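Student: model the structure of this input:
(2 chains, ligands or ions: 4)
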Amino acid sequence: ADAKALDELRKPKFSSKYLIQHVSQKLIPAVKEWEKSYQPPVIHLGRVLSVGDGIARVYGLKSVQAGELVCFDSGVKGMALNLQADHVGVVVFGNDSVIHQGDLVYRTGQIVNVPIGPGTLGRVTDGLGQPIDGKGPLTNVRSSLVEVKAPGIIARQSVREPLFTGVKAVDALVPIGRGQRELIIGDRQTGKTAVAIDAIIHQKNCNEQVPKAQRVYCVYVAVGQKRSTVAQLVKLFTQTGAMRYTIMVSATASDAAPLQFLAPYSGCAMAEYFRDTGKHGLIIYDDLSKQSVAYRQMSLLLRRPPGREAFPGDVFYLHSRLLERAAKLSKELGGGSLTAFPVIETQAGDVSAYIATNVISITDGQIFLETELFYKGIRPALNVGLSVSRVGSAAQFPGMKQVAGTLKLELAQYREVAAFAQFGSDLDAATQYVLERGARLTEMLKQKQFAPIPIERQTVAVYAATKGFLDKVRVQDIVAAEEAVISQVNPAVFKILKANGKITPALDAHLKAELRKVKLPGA
Amino acid sequence: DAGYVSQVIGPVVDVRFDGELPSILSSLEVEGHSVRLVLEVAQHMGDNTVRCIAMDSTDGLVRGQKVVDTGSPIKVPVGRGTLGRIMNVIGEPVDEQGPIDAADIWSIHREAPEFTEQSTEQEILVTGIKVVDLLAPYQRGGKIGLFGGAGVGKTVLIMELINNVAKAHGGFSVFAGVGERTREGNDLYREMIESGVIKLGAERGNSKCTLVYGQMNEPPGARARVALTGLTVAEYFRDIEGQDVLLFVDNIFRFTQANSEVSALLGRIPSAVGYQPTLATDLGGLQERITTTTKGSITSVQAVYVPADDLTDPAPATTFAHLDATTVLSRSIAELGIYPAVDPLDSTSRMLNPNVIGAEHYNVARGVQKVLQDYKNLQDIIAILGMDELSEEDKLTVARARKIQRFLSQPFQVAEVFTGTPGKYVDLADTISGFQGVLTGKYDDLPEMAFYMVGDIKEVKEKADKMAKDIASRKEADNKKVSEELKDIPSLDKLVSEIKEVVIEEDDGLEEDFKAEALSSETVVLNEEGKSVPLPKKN
Ligand SMILES: Nc1ncnc2c1ncn2[C@@H]1O[C@H](COP(=O)(O)OP(=O)(O)OP(=O)(O)O)[C@@H](O)[C@H]1O
Ligand SMILES: Nc1ncnc2c1ncn2[C@@H]1O[C@H](COP(=O)(O)OP(=O)(O)O)[C@@H](O)[C@H]1O
Ligand SMILES: [Mg+2]
Ligand SMILES: [Mg+2]
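Tutor: Residues are numbered from 1 along each chain as shown, chains lettered A, B, ... in the order given. Ligands and ions are numbered 1, 2, ... in the order given. Below is the structure in question.
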C-alpha cells in the first residue's frame, strides 16, 4: 500500500495487450456519443462544485492567489479564502442564489481592493467600495488594497496632538490622542454610537476653525446595523454638515457575511488615505462584535474548526491587524494620523467575553458605558473607575490638564465614600463634604446628545466645579448652572483660552473674576 | 530539489515535496512572492507533504508556487552586531539602518540546558521598587513574572525595571516584544535612543540593548517564534560571550496565544478552555531555555497578561511554575490609586526566605503581609459596623495597614509623563527600615495620606510638613490676590489683542497631490490563457 510499488506501477508490466488495442479504438467513438453531456474541462478558469450558504467550492482555478477577488459568471464577486488541494473555497460577496453547480468562475487578477481618495469624502458606501447613496459612481478616486500591513516602529512617532471629541466626560477623564485606538464598550443602548457620533460632529465643528492640516476626516463603518439606522445617521450628518468630512462604509445586516467581515478593512483602507497623505483621520468601527460574528459565520461555513464560543482561533489576529493600522506617522512619512474608535457590545455587562477581552487587549484606552449609570441620569454613562487611557498627559488640552487632575482625584474620593451610603454618619463633615462635591462633579459631567462642546467651554465648566463657584447650588440644577456659566461669562475668555491652550496667570485671574460676575439661578 | 505549495488555509501552508522532505522546525523560503515569506515546518502530513506556519502573510500564495528548503531552522544574526538594532522574527533589520553585521548566525531552535549545568546561588536583584524589593524580592540570574490584566501597569512596570536595572547592569539586555502594541515598541525605542541605551551611527557598538519585535500586526506564526529569536540572542550573549544578560519579554502570553491561533489548522483537537493541547510543553520548551547556566546568566523579566483578570486561566497558570519571582498586579489595587498595583499578598518570590535575605528583611515582609491580611479580614466588618468599636487593637491595625498600603506606592521615573510627580529609587536597607518603623509604630503621629506616592521614609515626614503648611493656608480671603486687575494684568479685551490670527484655507488640500486614476464600471476578468478580458455576458 506504500508508495514504492505504487511508483513501480508507473513502469508498464501488462505482459498482454488484448484489451489495450481493443478499447483504444473503442474509447473515442464512445466518448463522442456523450459529448453534449460533457462540460468543457477547466484549468485556469473555475467551475462551481458546490454552492450553499454563501460558500462556493470551486474546481479548477489553478493560479489563484489566497485572498484574491474572483468573479462568477453571473456577475457576483467572490474571494478565494482557503485554497485546498482539489478545490478553492470562495466566499460570495452577495446573495449566492445566482450561483449554480457548473457555473464558470473567473479569476480577476486582483487581491480585494476598495476605491480610496478624496472622492469618497461625502459618499455612503457598501463594504466593498460601491456607493449606495444613489449619487452615481465614485469619481476622483483610486483603488487600494484592503490588506495593507500596519506601519512599523520606525514609521511611527509618539502621540501628542489631542483630537478632542466634544464630550467633556471623555475629554476630561479619558483624553484621546490623535493616533490612539480607543475602545467604546458597553451593553446595548448605553450610548456608544452617541459618543462616536458626537466625536464626528465635533470634528465638523473644529474643521471650520483650524488651518487645513489639523482637520479631521471621519470614516464611520456600520457593521451589521440595520439600514434605517444608517439612513438616520446620514440624515443627521447632512443636516449638521458633518457629511462633508465623513465617509460612511455601510455593510448592513442584509448584506453577506464577507461584506460585513470586510467592511472595517474597507473603512480602514479609505481612512488610511488621509493618514498616508499627511492629513489626520478618525475611524469608527461601529459594532466590531458584529464583524467578529460575520467572520465566525464565514469561517464556520468554510469548515474551519471552531474555538471559544465557536469563534475561529485567529479572531484575535482579525482585530489586531485591523486596529494596528491606526497610527501616528513620523515626519518623513507626513506626520499624518489615524485614530480608531472600535465598538464592542457586551452581554449583561460581561466584560470577560472573548471578543471583548481581545479588543481590550488590543486597543490603547477604554470607554466603559454601564447600564446602571445610564439609568441614574449620568449621560454619557462613563464608568470612571474602569475607563482608562494609555496617554493620560501629553494628549489633552493644557488648560484641561491643570483642571481635570482635581476632578480625577475627587471623583475617586467620591467613589470610595459612596460605598458607605447606607448609614449616613457624615464623619467629621469630611466624608459628607467629599460626596457633596463628587455629586456636583458627576452632575457637571452630564451633557446632551448630538451637541458637542468646544474644549474651552469644557475647561471653563470644570474650572467652575474643581474650584468653588458651585458649592452654593443643589445637585439638581448644575446642568443648568453650567449653562448659566457658559452663557453669561463673556465669550472673550474662550478666545484667550483657545489661543493659549493653558490658563495664563492673567487668565485664571479674569476667570475667577467673571465666575462671580454671573448670576447662576441655583437656589 | 524544491517543493511546491499544495494548500493554503489561513496562516498555515501545506507544502508538497517529491522526495527528501525537510525536517520538522526547518525553514522554507517561498520565491515568487512579493515580500520574503518564510515557512517553518510544523509537521509531516504523510503523503510527501509538510504542514507549515508562515512568518508573514499568506495572501498571494498560489497552489504550485516554488518553495525551496534551507536545510536548517530559522537562523538570525546574534552577537555584538545586533546591539542597538531592531530585528524581526527571522532576523531582518526593521530599524532601517543598514544590514546587521553580526557573525555566526544561530538557529532559533535548540533544546534546553541540561540538569548538571544549573546554578543554585541566590543573590537579590535590587530594583528600587519598595513593594518588589520588600515583599517579593527578585533574584539576579532568575526568572520574574509580571502578572496582571489589561491596563494594570505591566508595561509601565517593565519600563521602570529597564530604567532601573538595565542601565546600571553593565551586561547586555535583550527586549523581546512578543505580540504587543507597535506604538509602545516605538516608545521604548525612542526612550532608549534618548537615555543612551541604544546609540546610532558610528557609535552603535556602545549600545547595550538588542530589540526583537513580533508585535500585534504580525501573523500568528511570527508572534509564536519571536520569543525564540530574542531568546537565542540572549543565549548567544550568555553562552558564547559569557555575559550576564537581561531578557525582558513583554507579554509571553502572546506566545501561547499565537500557538493557539494555528493549532486548529495544524490538525489538533482543542484542549481546555480553547488553548492548544500542547500548551504546557510548548511553554516549558520555551521557558527552560531561559536559565542561568554555568557559562553565563540570563535574568528574565516577563510580563504575563491574564485574560479578564483571571489567574486561573491556564495560560498564566502554566506560566506560574516556571518563575522564581512573581509580581501579580491587581486591578482593585489600581482602583485605589496605588501605583504600582502590586498585590502585596499574592506576589511571591523564592528569595523570601530568612536563610537568604536575612531575618530582619524576612520578618518585616511577613509582618507587612500579616497586617495587610488582618486588614483584609477586617474590611468585611468595617462596611457593616463602621470601624468604631474595635477596642484599639483592631482600630490600630487598620490605620497601620492603611499607612502600609499608601507606603507601598511609589512614583516611577517612566510615569512622570502622565502623573507629573518625579520618580523615586528606594534602596533595600532604606525600605526595610521605613517599613519596620510603620510596622512597630514609629510613624503613627504622621497623617495617613502622607505616605502616598513618596520615596523613602524621609519623604513621608516631609509630605507631613507640606500638608500641614498647605492646610495652614486657605485661611483668609479678603483681597490682594490675582483677580484684582491693578497688579500687573491687562484687561480681558487687551489679552484678546495679543493673539496671532491663523489662516483658514477652506479647500482642505485634496486637488493637487492625488493621482486620480480611472476605475472601470464593468468588471475585468482573466480567461484561460491569462489574458485580461471583460466578463463574458453569459451566466
Ligand atoms: N448623552 C446622552 N444624553 C441623552 N441620551 C442619550 C445620550 N447618549 C445616548 N443617549 C440615548 O441612548 C440611546 C442609545 O444610544 P446609542 O444608540 O448611542 O447606544 P448604542 O449602545 O449604540 O445602542 P445599540 O447597542 O442598540 O447600538 C439613544 O436612544 C439615545 O437617545
Ligand atoms: N506606575 C504607574 N503610575 C501611574 N500610572 C500608571 C502606572 N502604571 C500604570 N499606570 C496607568 O495604567 C495605564 C496602562 O498601564 P500599562 O503599562 O499599559 O498596563 P498593561 O501593559 O498591562 O496594559 C497607563 O496609561 C497608566 O495611566
Ligand atoms: Mg450602536
Ligand atoms: Mg502592555
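
Student: neighbours of whatever residue of chain A ends up closest to ligand 2, how many?
Tutor: Going by CB to the nearest ligand atom, ligand 2 is nearest to residue A:390 of chain A, at 4.3 Å. Every C-beta, even on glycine, is put in place using the N, C-alpha and C of the backbone. If you count neighbours by other CB atoms under 10 Å in any protein chain shown, residue A:390 ends up with 22.

Student: who's in contact with the residue nearest to it when sequence neighbours are not counted?
Tutor: Spatial nearest neighbour of residue A:390, excluding adjacent residues (CB to CB, 6 or more residues apart in numbering or on different chains): residue A:364 at 4.1 Å. By CB atoms under 8 Å, 6 or more residues apart in numbering or on different chains, residue A:364 lies in contact with A:177, A:180-182, A:389-391, B:181, B:183.

Student: name the SS class of residue A:338, please.
Tutor: The three-state label given to residue A:338 by DSSP: H, G, I helix; E, B strand; the rest coil is strand.

Student: for residue A:288, see how far away it is.
Tutor: The gap separating residue A:338 from residue A:288 is 16 Å, by CB to CB, to the nearest Å.

Student: ok, residue A:105 next?
Tutor: 31 Å.

Student: touching chain B at all, stretch A:104-116?
Tutor: Yes. Stretch A:104-116 lies within reach of chain B by CB under 8 Å from any CB of the partner chain, at A:106-109, A:111, A:115.

Student: so how far is that stretch from its chain's centroid?
Tutor: Relative to the mean C-alpha coordinate of its chain, stretch A:104-116 is positioned 24 Å out (CA atoms, centre = their mean, to the nearest Å).

Student: do the same with stretch B:169-185
Tutor: Distance, centroid of stretch B:169-185 to centroid of chain: 7 Å (CA atoms, centre = their mean).

Student: mind checking if that stretch is in reach of ligand 2?
Tutor: No. Using CB under 6 Å from any ligand atom, stretch B:169-185 stays clear of ligand 2, coming no nearer than 7.3 Å.

Student: next, count neighbours for the residue in the stretch 301-450 of chain B positioned nearest to ligand 1.
Tutor: Residue nearest to ligand 1 within the stretch 301-450 of chain B: residue B:308 (21.0 Å; CB to the nearest ligand atom). Neighbour count for residue B:308, taken as other CB under 10 Å: 16.

Student: cool, residue B:262 as well?
Tutor: When neighbours are counted by other CB under 10 Å, residue B:262 comes out with 24.

Student: can you tell me the SS state at it?
Tutor: Quick answer, by three-state DSSP: residue B:262 is helix.

Student: so who does it touch?
Tutor: A:313-314, B:10-12, B:42, B:53, B:220-221, B:224.

Student: can you do 10 Å?
Tutor: A:313-314, A:317, B:10-12, B:42, B:51, B:53-54, B:219-221, B:224, B:268, B:276 (CB atoms under 10 Å, 6 or more residues apart in numbering or on different chains).

Student: could you do residue A:161 as well?
Tutor: Residue A:161 touches A:177-180, A:214, A:280, A:328, A:335, A:337, A:339, A:394-395, counting by CB under 10 Å, 6+ apart.

Student: ok, of those, which come out buried?
Tutor: A:177-180, A:280, A:328, A:335, A:337, A:339, A:394-395 (16 or more other CB atoms under 10 Å in any protein chain shown).

Student: now, those residues that are in strands?
Tutor: Members of these lying in strands (criterion: DSSP state E): A:280, A:337, A:339.

Student: now, which of the residues you listed sits nearest ligand 1?
Tutor: Out of those, the member with the shortest distance to ligand 1 (by CB to the nearest ligand atom) is residue A:339, at 19.0 Å.

Student: bridging residues for that closest one?
Tutor: Partner residues in beta bridges with residue A:339, using DSSP bridges, are residue A:282.

Student: check the one 5 residues further on too.
Tutor: Partner residues in beta bridges with residue A:344: residue A:185, with DSSP bridges as the criterion.

Student: residues near it, how many?
Tutor: 26.

Student: and the residue of chain A closest to ligand 2, what does it touch?
Tutor: A:159, A:177, A:180-182, A:363-366, B:151, B:155-156, B:181, B:183-184, B:187, B:418.

Student: same thing with residue A:220?
Tutor: A:124, A:193, A:196-197, A:200, A:230, A:233-234, A:237, A:242, A:246-250, A:267, A:271, A:282-286, A:341.

Student: please identify the helix or strand for it.
Tutor: strand A:216-223 (DSSP states H and E).

Student: give me every residue in the stretch 351-500 of chain A lying close to ligand 2.
Tutor: So the stretch 351-500 of chain A meets ligand 2 at A:388, A:390, A:392 (CB under 6 Å from any ligand atom).

Student: in the following helix or strand past the strand holding residue A:220, what's buried?
Tutor: Next along the chain after strand A:216-223, taking DSSP H and E as the criterion, comes helix A:227-239. Residues A:230, A:233-234, A:237 are the ones in helix A:227-239 that count as buried (16+ other CB under 10 Å).

Student: can you check stretch B:256-269 too?
Tutor: Buried, per 16+ other CB under 10 Å, within stretch B:256-269: B:256-266.

Student: got the residues you listed as JSON lines, with distance to residue A:515 columns?
Tutor: Formatted as JSON lines, these follow (distance: CB to CB, whole Å):
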{"residue": "B:256", "distance to residue A:515": "56"}
{"residue": "B:257", "distance to residue A:515": "52"}
{"residue": "B:258", "distance to residue A:515": "55"}
{"residue": "B:259", "distance to residue A:515": "60"}
{"residue": "B:260", "distance to residue A:515": "57"}
{"residue": "B:261", "distance to residue A:515": "56"}
{"residue": "B:262", "distance to residue A:515": "61"}
{"residue": "B:263", "distance to residue A:515": "62"}
{"residue": "B:264", "distance to residue A:515": "62"}
{"residue": "B:265", "distance to residue A:515": "64"}
{"residue": "B:266", "distance to residue A:515": "66"}
